[PDB]
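So the structure is just underneath, and the comments pick up after that.
Side-chain atoms are counted along with the backbone in the values below, which use heavy atoms only and exclude waters and symmetry mates. Note that the numbering runs from 1 along the sequence shown for the chain.
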Amino acid sequence: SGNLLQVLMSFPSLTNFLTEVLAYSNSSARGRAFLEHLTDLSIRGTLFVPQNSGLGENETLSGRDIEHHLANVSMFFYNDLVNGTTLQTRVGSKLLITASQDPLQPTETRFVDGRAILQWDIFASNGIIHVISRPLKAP
């Protein structure tokens, strides 16, 4: 499939974050540059996307919060992201992966800034998406 934006557009449960991204792009030059980055095939990124189960339509996010969902160095898959991994984001802050092994589970249970990961490793041509339980927050 397509770039990070196109893949985000392909999931009904991710429409509210998409709406925020698109509205941000039409709001400011910063917002437009963020959307252009998501569609740039010469970069790689890791985009954490809060699902509509934790983000409503009446919870307008700031541009800084939106951009903080993009770990902007490279694509980090499930099997790259161990306990204590810190990820630099586009706004200059850091996300923290925490992770332990419940021996019963088929995979490690992991969190990003304490948010549950609901789906790992959704591929895009210029990045990877992980769906999370609720939005991240820029400091």
Side-chain angles (χ1 to χ4, degrees), residues 1-87 89-99 102-139:
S1 60
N3 64 44
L4 282 161
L5 179 67
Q6 292 169 318
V7 173
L8 174 60
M9 294 173 61
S10 76
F11 288 103
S13 72
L14 308 183
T15 55
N16 295 348
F17 190 73
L18 174 65
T19 292
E20 299 291 326
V21 167
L22 295 175
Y24 180 36
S25 79
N26 290 320
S27 287
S28 68
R30 272 203 185 177
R32 175 66 54 191
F34 183 63
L35 186 151
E36 283 296 303
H37 186 79
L38 295 182
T39 64
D40 179 359
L41 299 185
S42 79
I43 60 81
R44 294 297 180 274
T46 303
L47 182 65
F48 296 90
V49 179
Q51 191 165 251
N52 291 1
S53 46
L55 172 65
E57 287 190 296
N58 66 338
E59 295 189 273
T60 310
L61 300 173
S62 68
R64 281 187 59 252
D65 279 354
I66 291 170
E67 298 207 24
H68 185 55
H69 289 76
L70 182 71
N72 61 333
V73 174
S74 51
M75 299 192 298
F76 303 99
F77 296 76
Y78 167 84
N79 269 317
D80 297 315
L81 290 173
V82 326
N83 186 70
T85 300
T86 48
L87 305 177
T89 74
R90 185 165 161 94
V91 303
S93 187
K94 288 186 171 190
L95 310 173
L96 177 67
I97 306 299
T98 53
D102 179 350
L104 305 165
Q105 292 186 219
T107 59
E108 289 171 8
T109 297
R110 309 221 191 113
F111 303 86
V112 57
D113 293 351
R115 284 75 167 162
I117 290 76
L118 309 183
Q119 183 61 43
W120 291 99
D121 290 2
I122 296 174
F123 186 79
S125 59
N126 64 337
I128 194 81
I129 286 165
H130 310 300
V131 174
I132 65 171
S133 60
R134 62 189 166 86
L136 300 164
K137 180 97 186 136

How long is the gap from [atom1] on [X] to [atom2] on [Y], to the nearest 0.5 Å?
| X | Y | atom1 | atom2 | value |
| --- | --- | --- | --- | --- |
| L4 | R44 | CG | CZ | 9.5 Å |
| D102 | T107 | CG | OG1 | 9.5 Å |
| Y24 | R64 | OH | CZ | 9.5 Å |
| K94 | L96 | NZ | CG | 10.0 Å |
| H68 | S62 | NE2 | OG | 10.0 Å |
| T19 | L55 | OG1 | CG | 9.0 Å |

Heavy-atom pair of closest approach, residues [X] and [Y]:
| X | Y | value |
| --- | --- | --- |
| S125 | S1 | CB-O, 4.2 Å |
| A99 | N83 | N-OD1, 3.0 Å |
| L87 | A71 | CB-CB, 4.0 Å |

Non-neighbouring partners of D113 that pass side chain to side chain donor-acceptor pair (under 3.5 Å), sequence neighbours left out: none

Are [X] and [Y] joined in one hydrophobic group, where the rule is that I, L, V, M, F, W and Y side chains link up if heavy atoms are under 4.5 Å apart?
| X | Y | answer |
| --- | --- | --- |
| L81 | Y78 | yes |
| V49 | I43 | no |
| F11 | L61 | yes |
| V73 | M75 | no |

Minimum side-chain heavy-atom gap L18-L5 below 4.5 Å: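 Of all side-chain heavy-atom pairs linking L5 with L18, at least one is under 4.5 Å.
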
Any side-chain heavy-atom pair of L38 and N3 under 4.5 Å: no

Pairing residues for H69 by the ring-ring contact (aromatic ring centres under 6.0 Å, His included) criterion, not counting sequence neighbours: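 Residues passing ring-ring contact (aromatic ring centres under 6.0 Å, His included) with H69: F17.
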
Residue pairs involving residues 32-43 (criterion side chain to side chain donor-acceptor pair (under 3.5 Å); sequence neighbours excluded):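 Listed by first then second residue: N26-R32, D40-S42.
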
Where at least one partner belongs to residues 46-61, residue pairs that pass side chain to side chain donor-acceptor pair (under 3.5 Å), sequence neighbours excluded: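 Matches after skipping sequence neighbours: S13-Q51, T15-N52, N16-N52, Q51-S53.
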
Co-members of the apolar cluster containing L41 [side chain, <4.5 Å]: none

Pairs meeting criterion salt bridge (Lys or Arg N to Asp or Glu O under 4.0 Å) with involvement of residues 67-82, two or more places apart: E67-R90

Side-chain donor-acceptor contacts of residues 128-139 below 3.5 Å, not counting sequence neighbours, with atom names and distances?
{"unit_1": "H130", "atom_1": "ND1", "unit_2": "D121", "atom_2": "N", "d": "3.0"}
{"unit_1": "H130", "atom_1": "NE2", "unit_2": "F76", "atom_2": "O", "d": "2.8"}
{"unit_1": "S133", "atom_1": "OG", "unit_2": "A116", "atom_2": "N", "d": "3.2"}
{"unit_1": "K137", "atom_1": "NZ", "unit_2": "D65", "atom_2": "OD2", "d": "3.3"}

Side-chain donor/acceptor of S93 to backbone N/O of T89, under 3.5 Å: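 Checking the backbone N and O of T89 against the side chain of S93, no donor-acceptor pair under 3.5 Å is found.
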
